[PDB]
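For reference, the structure is listed below as structure tokens.
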Amino acid sequence: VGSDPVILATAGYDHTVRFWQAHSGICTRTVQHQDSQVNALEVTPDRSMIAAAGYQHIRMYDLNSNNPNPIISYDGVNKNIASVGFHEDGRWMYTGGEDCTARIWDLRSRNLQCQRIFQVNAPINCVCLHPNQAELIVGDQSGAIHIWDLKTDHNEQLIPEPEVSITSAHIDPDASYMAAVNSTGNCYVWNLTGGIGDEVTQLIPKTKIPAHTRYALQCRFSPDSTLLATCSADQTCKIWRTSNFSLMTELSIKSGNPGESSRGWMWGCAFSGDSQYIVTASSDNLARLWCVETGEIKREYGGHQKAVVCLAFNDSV
Amino acid sequence: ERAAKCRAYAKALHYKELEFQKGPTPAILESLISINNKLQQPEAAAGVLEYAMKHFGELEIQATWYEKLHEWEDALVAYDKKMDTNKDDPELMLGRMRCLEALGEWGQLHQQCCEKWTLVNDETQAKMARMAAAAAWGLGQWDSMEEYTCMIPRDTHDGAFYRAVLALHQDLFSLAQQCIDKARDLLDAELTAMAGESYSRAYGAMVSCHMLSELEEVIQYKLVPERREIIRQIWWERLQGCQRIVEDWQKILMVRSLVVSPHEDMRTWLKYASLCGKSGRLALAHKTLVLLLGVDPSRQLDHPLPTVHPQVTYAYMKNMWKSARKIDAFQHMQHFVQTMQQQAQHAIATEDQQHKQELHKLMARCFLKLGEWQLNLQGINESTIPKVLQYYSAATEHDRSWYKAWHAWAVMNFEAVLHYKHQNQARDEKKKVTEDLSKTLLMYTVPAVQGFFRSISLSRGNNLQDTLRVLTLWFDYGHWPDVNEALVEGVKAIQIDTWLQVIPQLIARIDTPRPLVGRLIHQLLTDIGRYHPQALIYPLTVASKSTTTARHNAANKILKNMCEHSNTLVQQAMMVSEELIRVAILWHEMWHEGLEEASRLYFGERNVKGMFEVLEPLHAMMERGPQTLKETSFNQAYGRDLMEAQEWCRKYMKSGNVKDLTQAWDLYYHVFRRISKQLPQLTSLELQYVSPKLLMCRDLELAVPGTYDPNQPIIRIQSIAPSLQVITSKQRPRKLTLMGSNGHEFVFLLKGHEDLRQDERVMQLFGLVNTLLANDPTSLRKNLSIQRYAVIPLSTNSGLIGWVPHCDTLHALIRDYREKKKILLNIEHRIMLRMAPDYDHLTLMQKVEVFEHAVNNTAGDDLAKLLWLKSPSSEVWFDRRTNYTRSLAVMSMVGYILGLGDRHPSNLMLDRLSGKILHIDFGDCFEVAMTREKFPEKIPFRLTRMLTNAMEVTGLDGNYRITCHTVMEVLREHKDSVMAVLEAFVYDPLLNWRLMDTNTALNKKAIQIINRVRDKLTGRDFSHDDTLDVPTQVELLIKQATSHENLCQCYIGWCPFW
Ligand SMILES: Nc1ncnc2c1ncn2[C@@H]1O[C@H](COP(=O)(O)OP(=O)(O)O)[C@@H](O)[C@H]1O
Ligand SMILES: [Mg+2]
Ligand SMILES: [Mg+2]
């Protein structure tokens, strides 16, 4: 399951977390996740176990013991836990919640308590960690993006256009670019002043992409740092070049007739290691595998009873 | 045939609208403003243009848009920009002129006419003449008029008219005579040429037919000299009476200008200039005034103003204030007043007494502005307080009567009090302190009281605000002698009527701990007893059966006092409200809720001390012996069991066992099962089993609950109908029905466990709001109101509610339509759960999708569609819509101000005969519903989709939004009256219990609630610092009520998709 070279996980309103075999479309194992939908999936950098942030809990199933149930659960946090993020070195977990708090969790200890809390006014939609491991980017529902320095505990904030909520942020492997995506449907890019070690790490506004008319749901950089992916509520995942900031490939589930009323939002996406492919999660019960250059649907992962909102994708050696 | 023409329109408009539904096209959009026009619905059509703009910038030129939107002042400056950037363009100039003739801009219209006379176009040359005649007519220049008239064809209504005017100046009366009749027939036949599809030209036909008949009086005003006063009267009276926007009145006066010059008219033009300001044409009003002064648009700005015509100056100055220059305006007033008292004290040699008094009345109306402006420029502080009080007292002197003057002085004094009370709360946040405060407050309190009193007596009918204000100072001032004397003086002076408005407020303080306050109240209530007993019994009866000792005690003393002059009325009303309480919750119904509550405390809380407190009243309640056949037939089938269930319960009280207590609960669960089975069988109650004393009643002198008012013959309870339907619900209300001494029937809803006192103060607030809308011209023009109903509290538990006839809940109308059309009632519901089984736990983003999914897979007509099938015709259908649309927007705005939560499909209903909407169930008031823990309402008022959809297409732009700012407009103006009422039940002692419910001293909470309301009435309800104007705030609210992000979060019961 986590023993296979590729890990592909899918979760939604149907109370399961299903694991797929990338190259075929056969579903390996399914786990029970009851009482809640799943808001975010993330496989720990250690490839040992996966995190399922849900409603007032973050249950974590095991990718090694290939069978049981939640190794760890984390409770006593009210309202949804929306984003999960990990620190390369095993033992840190970051979360953003509807409870206005960015939280750091010690994975190598006990306590349903968390090592730290960062309080903001207004719910946090996404939490993402700068590659340098020292700064956490936190985007809330008010439209502020807080950069939180995990050392100096010095909080610094930034609002783009916002009176509008920012839906997700991301920062590329090479730490050269930061992206934020909001409910208007705009995608902001910043240039990253590499402070790092006695840190300055400042942000310089480069572009505002008019990505979508409807909600923009998640943005993600390719490992490459070549491309930028924008999933949204217009049943679309748009892939943009980082040199150009132009549209390179569009993926869509737009039915085929104006009187269909849709069926399916583009909830999540994940690039392959080579940045040659992209995985897609949709409310039409299917995860999908796309070829980034042609935009050809190279696979369809069918299994989920109800909708899909979560992806996890992993390539490591 | 006339009311038969509109039917075809109404019907085609239905299909036309049903067509727009399928696809919005400029083809339909054209034929829509047209048909909504023939139907003489100006605003609904104006809505169609609003949509036409925001979707099709395609009939183009933003200047052509402002012109069709009758925003001439905007289109002019848009045509300048369109001409200065472009070229000559024969079309752009015609509009540039049409703006000028609408704006009464003859100066520029004549210049633009002559200075541009190449006009190689012949149609451009033909139109040109019509306008340049009126422009020349306004500018005097009669030679220019005839030149341009000799170009206007005599085949046009216009060409025939302008000759009649030229003849009247040149004294050719027979020519003028014939030209009128020929212009009439060229207009009569023109009203058949475009028979239906015309501009405000069908309403401007009134403007031309009005002028033609007026021009026939200007004719009467040339040779035979008798009617000068008779004509000037009809001219003057049919002007205060007439309501025609600025533009028409210009022309209307231009006809009168042929005879009576402005300097002789004076009052005529000032009333006109007065309207130009109030409507918003200050640049025009100024010119009107400059003309009357015979002196500069004060080009000599540093100089003092001409005192030659005292009234004109006052006008000029108030125009200057409403204009830009308002430190300048204030300044000219200080001096004008000073010049005015001199021109009085000195210039008045007795033989001038009319001039003296009118000079004294103008001064009063000057001072009132002076104080008004001082407060505006400076605010309230240690410097302005004695200055404005100076101005007002000075205004109080020069008019003696006049409501505004005394009123303003009272309020200023009352706010002088508030300024310092609130300044001392400021100090105490961080001995000789209270002493000076005592002297400070006693200083402003007494005159305030006095002021409010002489203000009230000048308000007869409409004085709720001032009446309430008296009570604030009264109740609020634990009485130091001075205050009390003024209060006693007033009560003596002021009419007894006044107080009826305010009875629930007075009664809410019978048991006032303050000794001097109480006495006056009691004495006042007893006098209100001697006259108008009736407006007292019901409320006093309720008060007299109160657990709070001092209340019911003091309440009785008055009832005793009332038997000395009205005994059997007290006696009847006593018993009638007694029996109604018995009927409301029967013996078994009290046990059913009492056995539930008892099993919660014991079998789920380990509480027996609280459980005994639930049961012991129910046992003691029956101990008094059965008094009705229903109470006895219960007493057999259940009584003995319960009597011995207490036996075991009191074996445990002393033994402290647990097996004693288990026998009791063995018996208790037994009777529970028995009653529970009989409860769905409770669908009716016969009076002869339930309350015989009521079946006994015939021809009482007791008035039918909440039907008493002076002015109107007392309708008394003649007979109570023997059967009450039991509305099956969780509280099983009753549908009691009484028969009236007039003959009519009066149906009520006898509720059992709902404190109706809040609902009452609301219906009161509504009353006030209704008066305010009946007094704003536009609101009266559109019939804007709130259907209210009668609310007669019977205890803290129960009370009666007026049954509004012809009504069904929004929920009812749907359930029937859905079942008729074979649609599953809760289908949106079932859709949501199928998609997301854990819907309630999703993130906002996740929720919105699921919500949108449900909407996209269900019909949004229903309401719209059943209202069409309901209608017996289509002009009935159309009117019922126009009614509905308005009545709803009314309650949207008002509800918001009240903070009226919980507006789900069973809490509002529709009158199936007018269409007008009606609100019931006023539990959640003020943010309350939004503030709550579980499922907080984000919405301000229900503007659900099927509501939006039942309106005209172009809904929110049309009738609704317009009605929204009209209503909201009224509210913000009379914000003090609205706040008097609301303050009067937020700080009300007995009614504060609905705000300590934020748990599932209070002084602080009550303050916020009231600020929150003021914010809403001063446009600070959104951003803290911006003071948003009406249309913005309204737009902001409609947005908030429509947001999918707000509606998806609503508790599912609220049916956010209906
Ligand atoms: N003024 C009224 N006119 C007509 N029917 C009413 C009136 N008041 C209540 N009802 C009826 O009683 C039902 C429940 O009353 P309601 O006032 O909503 O109290 P609750 O919310 O406690 O159930 C409504 O669905 C309606 O049919
Ligand atoms: Mg209700
Ligand atoms: Mg209620």
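Here's how to read the names in the structure tokens: chain A, B, ... by the order shown, residue numbers from 1 in each chain, ligand numbers from 1 in the order shown.
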
Surrounding residues as a ChimeraX atom specification, ligand 2, max 8 Å, only C-alpha atoms and all ligand atoms: /B:904,906-907,920-921

Within 10 Å of residue 34 of chain A using only C-alpha atoms, minus same-chain residues under 6 positions, as an NGL selection string: (:A and (13-16 or 54)) or (:B and (838))

I need the chosen residues saved as a JSON list (two decimals), in the first residue's frame, with N, CA and C atoms.
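Result file is selection-v8.json:
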```json
[["chain", "number", "residue", "atom", "x", "y", "z"],
["A", 13, "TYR", "N", -17.01, 12.44, 0.93],
["A", 13, "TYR", "CA", -18.22, 12.34, 1.74],
["A", 13, "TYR", "C", -18.73, 10.91, 1.94],
["A", 14, "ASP", "N", -18.03, 9.93, 1.35],
["A", 14, "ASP", "CA", -18.45, 8.52, 1.43],
["A", 14, "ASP", "C", -17.73, 7.69, 2.50],
["A", 15, "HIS", "N", -17.19, 8.36, 3.52],
["A", 15, "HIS", "CA", -16.70, 7.70, 4.74],
["A", 15, "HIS", "C", -15.56, 6.71, 4.56],
["A", 16, "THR", "N", -14.93, 6.72, 3.39],
["A", 16, "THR", "CA", -13.74, 5.89, 3.14],
["A", 16, "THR", "C", -12.55, 6.73, 2.69],
["A", 54, "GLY", "N", -10.29, 16.20, 9.19],
["A", 54, "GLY", "CA", -11.73, 16.19, 9.02],
["A", 54, "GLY", "C", -12.39, 17.20, 9.91],
["B", 838, "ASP", "N", -22.99, 14.24, 5.68],
["B", 838, "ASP", "CA", -22.59, 15.06, 6.83],
["B", 838, "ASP", "C", -22.66, 16.55, 6.55]]
```

Computed interatomic separation between atom CA of residue 786 of chain B and atom CA of residue 495 of chain B (Å):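 Interatomic distance here is 28.7 Å.
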
Contact residues around residue 145 of chain A with only C-alpha atoms at 10 Å, ignoring same-chain residues under 3 positions, as an MDAnalysis selection string: chainID A and resid 124 126:127 137:142 148 156:160 162 165:166 168:169 180

Sorted by chain and rising residue number, list the residues of chain A at most 8 Å from chain B (counting only C-alpha atoms), each with its closest atom pair and distance in Å to one decimal, as JSON lines.
```
{"residue": "A:13", "atom": "CA", "partner": "B:836", "partner_atom": "CA", "distance": 5.8}
{"residue": "A:35", "atom": "CA", "partner": "B:838", "partner_atom": "CA", "distance": 7.4}
{"residue": "A:36", "atom": "CA", "partner": "B:838", "partner_atom": "CA", "distance": 6.1}
{"residue": "A:37", "atom": "CA", "partner": "B:838", "partner_atom": "CA", "distance": 6.8}
{"residue": "A:39", "atom": "CA", "partner": "B:843", "partner_atom": "CA", "distance": 7.9}
{"residue": "A:55", "atom": "CA", "partner": "B:841", "partner_atom": "CA", "distance": 6.5}
{"residue": "A:79", "atom": "CA", "partner": "B:841", "partner_atom": "CA", "distance": 7.9}
{"residue": "A:80", "atom": "CA", "partner": "B:843", "partner_atom": "CA", "distance": 6.6}
{"residue": "A:82", "atom": "CA", "partner": "B:843", "partner_atom": "CA", "distance": 7.9}
{"residue": "A:98", "atom": "CA", "partner": "B:843", "partner_atom": "CA", "distance": 8.0}
{"residue": "A:261", "atom": "CA", "partner": "B:856", "partner_atom": "CA", "distance": 6.1}
{"residue": "A:263", "atom": "CA", "partner": "B:853", "partner_atom": "CA", "distance": 7.9}
{"residue": "A:265", "atom": "CA", "partner": "B:849", "partner_atom": "CA", "distance": 7.9}
{"residue": "A:306", "atom": "CA", "partner": "B:835", "partner_atom": "CA", "distance": 6.4}
{"residue": "A:307", "atom": "CA", "partner": "B:835", "partner_atom": "CA", "distance": 7.0}
```

With C-alpha atoms retained, export the selected residues as a compact mmCIF listing (two decimals), in the first residue's frame.
```txt
# COMPACT_ATOMS: atom_id res chain seq x y z
CA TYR A 13 -18.22 12.34 1.74
CA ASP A 35 -18.63 10.66 11.32
CA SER A 36 -17.13 13.17 8.91
CA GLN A 37 -16.03 14.08 5.43
CA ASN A 39 -11.07 18.11 4.19
CA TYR A 55 -14.33 17.68 11.31
CA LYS A 79 -14.96 23.29 13.90
CA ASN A 80 -13.21 21.80 10.81
CA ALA A 82 -8.89 22.42 6.93
CA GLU A 98 -12.17 27.12 11.16
CA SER A 261 -26.13 22.20 -14.36
CA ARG A 263 -21.96 17.72 -11.70
CA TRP A 265 -16.11 20.66 -8.74
CA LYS A 306 -20.16 9.86 -2.81
CA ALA A 307 -18.09 12.93 -3.78
```

Neighbour list for segment 88-91 of chain A as a ChimeraX atom specification, cut-off 7 Å, only C-alpha atoms, skip fewer than 5 positions in-chain: /A:45-46,106-108

Helix (DSSP H, G or I) positions in segment 202-424 of chain B, given as a VMD selection string: chain B and resid 204 to 219 228 to 240 246 to 256 262 to 265 267 to 279 282 to 293 310 to 322 326 to 345 354 to 378 385 to 399 403 to 424

Test item: residues at most 12 Å from residue 239 of chain A, only C-alpha atoms, excluding those fewer than 3 positions along its chain, as a PyMOL selection string: chain A and resi 187+209+211-212+218-222+225-232+236+242+244-252+269-271+275-278+290-295

Print the selection's residues with N, CA and C atoms to a file, as a short mmCIF file (atom, residue, chain, number, x, y, z; two decimals), in the first residue's frame.
```cif
data_model
loop_
_atom_site.label_atom_id
_atom_site.label_comp_id
_atom_site.auth_asym_id
_atom_site.auth_seq_id
_atom_site.Cartn_x
_atom_site.Cartn_y
_atom_site.Cartn_z
N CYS A 187 -5.43 34.52 -8.79
CA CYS A 187 -4.23 33.85 -8.37
C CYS A 187 -3.13 34.89 -8.30
N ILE A 209 -3.06 36.73 -11.70
CA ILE A 209 -3.70 36.00 -12.78
C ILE A 209 -5.22 35.99 -12.55
N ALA A 211 -7.53 33.85 -12.94
CA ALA A 211 -7.61 32.41 -13.18
C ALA A 211 -9.00 31.89 -13.51
N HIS A 212 -10.01 32.33 -12.75
CA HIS A 212 -11.37 31.79 -12.87
C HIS A 212 -12.45 32.82 -12.53
N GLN A 218 -7.99 25.52 -5.06
CA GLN A 218 -6.66 25.18 -4.60
C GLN A 218 -5.66 25.55 -5.68
N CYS A 219 -4.49 26.02 -5.27
CA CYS A 219 -3.41 26.22 -6.22
C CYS A 219 -2.19 25.40 -5.81
N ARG A 220 -1.41 24.94 -6.80
CA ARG A 220 -0.23 24.13 -6.54
C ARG A 220 0.85 24.24 -7.59
N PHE A 221 2.08 24.38 -7.13
CA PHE A 221 3.25 24.42 -8.00
C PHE A 221 3.71 23.01 -8.32
N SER A 222 4.20 22.81 -9.55
CA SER A 222 4.82 21.55 -9.93
C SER A 222 6.19 21.48 -9.28
N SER A 225 8.84 23.58 -10.74
CA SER A 225 8.76 25.04 -10.64
C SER A 225 8.49 25.66 -12.02
N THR A 226 8.23 24.78 -12.99
CA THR A 226 7.88 25.13 -14.37
C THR A 226 6.44 25.62 -14.45
N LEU A 227 5.54 24.89 -13.81
CA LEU A 227 4.12 25.10 -13.98
C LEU A 227 3.43 25.49 -12.68
N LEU A 228 2.20 26.01 -12.80
CA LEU A 228 1.34 26.31 -11.66
C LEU A 228 -0.08 25.87 -11.95
N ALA A 229 -0.64 25.08 -11.03
CA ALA A 229 -1.96 24.48 -11.20
C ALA A 229 -3.01 25.19 -10.38
N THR A 230 -4.17 25.42 -10.98
CA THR A 230 -5.26 26.15 -10.34
C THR A 230 -6.54 25.36 -10.52
N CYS A 231 -6.96 24.68 -9.46
CA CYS A 231 -8.25 24.00 -9.44
C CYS A 231 -9.33 24.94 -8.98
N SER A 232 -10.55 24.74 -9.47
CA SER A 232 -11.63 25.67 -9.14
C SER A 232 -13.02 25.08 -9.25
N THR A 236 -12.73 22.86 -13.48
CA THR A 236 -11.55 23.15 -14.26
C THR A 236 -10.31 23.10 -13.38
N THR A 242 5.35 29.28 -15.58
CA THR A 242 5.95 30.19 -14.60
C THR A 242 6.86 31.24 -15.25
N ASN A 244 6.05 32.45 -18.31
CA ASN A 244 5.08 33.28 -19.01
C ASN A 244 3.95 33.79 -18.16
N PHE A 245 3.52 32.96 -17.21
CA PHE A 245 2.21 33.09 -16.55
C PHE A 245 1.06 33.08 -17.55
N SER A 246 1.19 32.20 -18.52
CA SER A 246 0.18 31.99 -19.53
C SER A 246 -0.43 30.63 -19.31
N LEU A 247 -1.61 30.42 -19.88
CA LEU A 247 -2.27 29.13 -19.78
C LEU A 247 -1.61 28.12 -20.71
N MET A 248 -1.12 27.05 -20.11
CA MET A 248 -0.50 25.98 -20.87
C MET A 248 -1.45 24.83 -21.21
N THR A 249 -2.14 24.27 -20.21
CA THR A 249 -3.12 23.20 -20.43
C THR A 249 -4.32 23.39 -19.53
N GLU A 250 -5.51 23.18 -20.08
CA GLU A 250 -6.74 23.24 -19.31
C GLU A 250 -7.39 21.87 -19.20
N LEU A 251 -7.71 21.47 -17.98
CA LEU A 251 -8.45 20.22 -17.73
C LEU A 251 -9.86 20.56 -17.24
N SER A 252 -10.88 19.93 -17.82
CA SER A 252 -12.25 20.27 -17.43
C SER A 252 -13.23 19.12 -17.54
N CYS A 269 -5.67 18.86 -6.58
CA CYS A 269 -4.73 18.36 -7.58
C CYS A 269 -3.33 18.08 -7.02
N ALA A 270 -2.62 17.18 -7.71
CA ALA A 270 -1.27 16.81 -7.33
C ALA A 270 -0.46 16.46 -8.57
N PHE A 271 0.74 17.02 -8.67
CA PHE A 271 1.67 16.70 -9.75
C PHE A 271 2.47 15.44 -9.43
N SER A 275 6.84 15.95 -12.78
CA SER A 275 5.91 17.01 -13.18
C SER A 275 5.34 16.79 -14.59
N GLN A 276 5.18 15.52 -14.95
CA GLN A 276 4.72 15.12 -16.27
C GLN A 276 3.23 14.84 -16.24
N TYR A 277 2.73 14.51 -15.05
CA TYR A 277 1.32 14.18 -14.85
C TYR A 277 0.69 14.96 -13.71
N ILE A 278 -0.64 14.91 -13.65
CA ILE A 278 -1.40 15.57 -12.59
C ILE A 278 -2.60 14.72 -12.20
N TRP A 290 -4.29 12.94 -15.35
CA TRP A 290 -4.16 13.70 -16.58
C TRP A 290 -2.72 13.76 -17.05
N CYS A 291 -2.55 13.72 -18.37
CA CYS A 291 -1.26 13.99 -18.99
C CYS A 291 -1.11 15.50 -19.18
N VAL A 292 -0.18 16.09 -18.44
CA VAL A 292 -0.03 17.54 -18.39
C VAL A 292 0.12 18.23 -19.74
N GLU A 293 0.82 17.60 -20.68
CA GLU A 293 1.05 18.26 -21.96
C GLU A 293 -0.08 18.14 -22.97
N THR A 294 -0.65 16.95 -23.14
CA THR A 294 -1.79 16.81 -24.05
C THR A 294 -3.08 17.23 -23.38
N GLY A 295 -3.17 16.98 -22.08
CA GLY A 295 -4.41 17.15 -21.34
C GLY A 295 -5.31 15.95 -21.54
#
```

Could the residues that lie within 12 Å of ligand 3, counting only C-alpha atoms and all ligand atoms, be listed as a compact mmCIF listing (two decimals) with C-alpha atoms, in the first residue's frame?
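As written to disk, pocket29.txt reads:
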```txt
# COMPACT_ATOMS: atom_id res chain seq x y z
CA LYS B 730 -46.01 20.76 19.96
CA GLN B 731 -47.91 23.37 22.02
CA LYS B 751 -51.47 30.04 22.91
CA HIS B 753 -46.64 28.59 26.79
CA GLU B 754 -45.44 31.72 24.98
CA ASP B 755 -44.83 35.12 26.68
CA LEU B 756 -46.77 37.34 24.29
CA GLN B 758 -42.63 41.00 23.29
CA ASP B 759 -44.98 40.43 20.35
CA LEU B 900 -35.99 40.16 13.37
CA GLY B 901 -34.51 36.65 13.10
CA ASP B 902 -36.16 33.24 12.54
CA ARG B 903 -38.03 33.99 9.29
CA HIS B 904 -38.64 30.42 8.11
CA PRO B 905 -41.62 29.35 5.87
CA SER B 906 -43.96 28.84 8.84
CA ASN B 907 -43.32 32.26 10.34
CA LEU B 908 -44.51 34.31 7.44
CA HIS B 919 -45.13 38.33 9.67
CA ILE B 920 -45.97 36.27 12.74
CA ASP B 921 -43.87 34.87 15.64
CA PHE B 922 -41.67 37.68 16.96
CA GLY B 923 -39.53 35.61 19.32
CA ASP B 924 -36.01 36.37 18.05
CA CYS B 925 -35.61 40.15 17.98
CA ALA B 929 -30.76 34.81 16.21
```

Atomic distance atom CA of residue 697 of chain B - atom CA of residue 803 of chain B, expressed in Å with one decimal: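 Going from atom CA of residue 697 of chain B over to atom CA of residue 803 of chain B, I get 21.5 Å.
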
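When atom CA of residue 304 of chain B is paired with atom CA of residue 271 of chain B, their separation reads 24.3 Å.
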
Selection: 9 Å around segment 102-106 of chain B, only C-alpha atoms, excl. self and same-chain fewer than 5 positions, as a VMD selection string: chain B and resid 70 72 to 73 97 111 132 134 to 139 246 to 248 250 to 251 281 284

Output C-alpha atoms of each residue in that selection to a file, as a CSV table (one decimal), in the first residue's frame.
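selection-v6.csv was written with the following content:
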```csv
chain,number,residue,atom,x,y,z
B,70,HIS,CA,-34.4,60.7,-16.6
B,72,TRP,CA,-30.9,64.8,-17.2
B,73,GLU,CA,-28.2,66.4,-15.0
B,97,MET,CA,-30.6,70.1,-25.9
B,111,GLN,CA,-27.7,79.8,-27.0
B,132,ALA,CA,-36.3,76.9,-29.0
B,134,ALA,CA,-40.1,77.2,-24.9
B,135,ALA,CA,-36.5,78.4,-24.4
B,136,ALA,CA,-37.4,81.8,-25.9
B,137,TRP,CA,-40.7,81.7,-23.9
B,138,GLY,CA,-38.7,81.3,-20.6
B,139,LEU,CA,-36.2,84.1,-21.5
B,246,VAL,CA,-40.2,70.4,-10.6
B,247,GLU,CA,-40.0,70.4,-14.5
B,248,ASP,CA,-43.8,70.6,-15.1
B,250,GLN,CA,-41.8,75.5,-14.3
B,251,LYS,CA,-44.0,75.5,-17.4
B,281,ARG,CA,-32.5,71.3,-7.9
B,284,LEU,CA,-32.7,76.4,-10.1
```
